[PDB]
Amino acid sequence: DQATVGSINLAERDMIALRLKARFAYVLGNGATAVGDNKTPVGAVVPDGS
Amino acid sequence: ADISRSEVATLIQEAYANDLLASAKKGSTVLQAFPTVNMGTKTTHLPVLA
Amino acid sequence: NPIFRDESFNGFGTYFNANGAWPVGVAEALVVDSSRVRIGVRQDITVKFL
Amino acid sequence: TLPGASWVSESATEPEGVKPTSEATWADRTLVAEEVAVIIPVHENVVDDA
Amino acid sequence: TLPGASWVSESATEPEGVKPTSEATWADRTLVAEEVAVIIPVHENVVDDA
């Protein structure tokens, strides 16, 4: 309610804004298994090419 | 003038987690599948009709 | 049509090798009279700290 | 990576009677936090009128 | 790196009126633990006699 966002001086313009954010990370555990090494835990189903 | 993440250096500690570490161990198939015998000595004789 | 999705073998015990002991491209399955095998277990897995 | 066992004979003098050495090994997979966000600006009178 | 500071006048319009912006910064140094050791062999009759 007091910030500047883009070029809107938010208070003097009689505006407000919502700032929404999250922070996220992702990891895949593609190690060795009891069967052997370099194993990927993901398989994919895809359409055929053009 | 401002403070970057690189300019804070090792005041920000990197964390550790063991979530991906554990893997289930697998037993012999043949000890599940077949009747076992407890041996008391190196060698046992089993006669069969021939 | 996938005619075998609800196939279960004729009172057979079914044992799937998860040790990575099963090689690639050598055999798909073995059928056996398990009464004609014994696995003698003279000693079980034992650990000595050195 | 996984260790590997071997079969060994009883001997005090022959190489076939020596228990073999082997290693496991581990590696790192990692989570790095990254920020996703939006600013949504509006007039205070519009928010009161709605 | 150490931050700077300034004398600031009360002022709605003059450059002396503004407050200054400055950084501080840090760098890393590491303790790495290294082994120092000796073995002293002695006859166990001597350590039992002494």
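So that the names make sense, note that chain A is the first sequence line, chain B the second, and so on, each numbered from 1. The figures here come from the full heavy-atom set of this structure, side chains too, leaving out hydrogens, waters and symmetry mates.
- Closest of all the heavy-atom pairs between D/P41 and A/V5 is CB-CG2, 4.3 Å.
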Does B/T44 form a side chain to side chain contact (heavy atoms under 4.5 Å, CB included) with B/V37? I'd like the steps, not just the answer.
CA-CA 10 Å; B/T44 300; B/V37 293; over 6 Å; no
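- A distance-only check finds no donor-acceptor pair linking the side chain of E/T30 to the backbone of E/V32 [under 3.5 Å].
- Linking ILVMFWY side-chain heavy atoms closer than 4.5 Å, directly or via other members, places D/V38 and A/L18 in a single hydrophobic cluster.
- Scanning all heavy atoms of the two residues, the minimum distance from D/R29 to A/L28 falls at CD-O, 3.5 Å.
- Residues B/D2 and E/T21 form no side-chain contact, since every pair of their non-hydrogen atoms from C-beta on lies 4.5 Å or further apart.
- Formation of a donor-acceptor pair under 3.5 Å by the D/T25 side chain with backbone atoms of D/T1 is not found in this model.
- Once rounded to the nearest 0.5 Å, the distance linking OG of D/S6 with NZ of D/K19 reads 12.0 Å.
- The distance from atom CG of E/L2 to atom CD of E/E23, rounded to the nearest 0.5 Å, is 10.5 Å.
- Here C/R38 contributes atom CZ and B/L46 contributes atom CG; the two are 8.0 Å apart, rounded to the nearest 0.5 Å.
- No donor-acceptor pair closer than 3.5 Å links the side chain of E/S11 to the backbone N or O of E/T13.
- Each of D/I40 and A/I8 belongs to its own hydrophobic cluster when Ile, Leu, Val, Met, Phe, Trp and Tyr are linked at side-chain heavy-atom distances under 4.5 angstrom.
- A pairwise comparison of heavy atoms in C/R42 and B/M39 identifies NH1-O, 3.0 Å as the closest pair.
- Around the CG atom of D/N45, the shell of radius 6.0 Å holds more than 12 heavy atoms that belong to other residues, nucleotides or ligands.
- When all heavy atoms of C/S34 and B/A33 are compared, the pair lying nearest together is CB-O, 4.1 Å.
- A distance of 8.0 Å separates CD in D/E14 from OG in D/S9, rounded to the nearest 0.5 Å.
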Side-chain atoms of residues 15-27 of chain C: list all donor-acceptor pairs with protein atoms under 3.5 Å, sequence neighbours left out, distances to 0.1 Å.
from: C/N17; atom 1: OD1; to: C/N19; atom 2: N; distance (Å): 3.2
from: C/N17; atom 1: OD1; to: C/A21; atom 2: N; distance (Å): 3.4
from: C/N17; atom 1: ND2; to: B/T29; atom 2: OG1; distance (Å): 2.9
from: C/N19; atom 1: ND2; to: B/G27; atom 2: O; distance (Å): 2.9
from: C/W22; atom 1: NE1; to: C/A27; atom 2: O; distance (Å): 2.9

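- The backbone N or O of E/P3 lies less than 3.5 Å from no partner atom in the side chain of E/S22, so there is not a single donor-acceptor pair.
- For the atom pair CG of A/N30 and CG of A/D37, the computed distance is 11.5 Å after rounding to the nearest 0.5 Å.
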Side-chain donor-acceptor distances from residues 43-50 of chain C under 3.5 Å, at least two apart:
from: C/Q43; atom 1: NE2; to: C/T46; atom 2: OG1; distance (Å): 3.2
from: C/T46; atom 1: OG1; to: C/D44; atom 2: O; distance (Å): 2.9

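- Within a 6.0 Å sphere centred on CG of E/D48, other residues, nucleotides and ligands contribute more than 12 heavy atoms.
- In A/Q2, the CD atom is not crowded: 12 or fewer heavy atoms of neighbouring residues, nucleotides or ligands sit closer than 6.0 Å.
- Among all heavy-atom pairs drawn from B/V8 and E/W26, the shortest one is O-CB, 4.0 Å.
- Taking a 6.0 Å sphere around CD of A/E12, one finds it holds more than 12 heavy atoms contributed by other residues, nucleotides or ligands.
- Using a 4.5 Å cut-off on side-chain heavy atoms (C-beta onward), C/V32 and C/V37 make contact.
- Side-chain contact between E/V18 and E/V8 is absent, with no heavy-atom pair separated by less than 4.5 Å.
- Taken from CZ in C/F4 to CG in C/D6, the straight-line distance is 10.0 Å, to the nearest 0.5 Å.
- Between A/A17 and D/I39, the shortest heavy-atom contact is CB-CG2, 4.0 Å.
- More than 12 heavy-atom neighbours from other residues, nucleotides or ligands sit within 6.0 angstrom of CG on C/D33.
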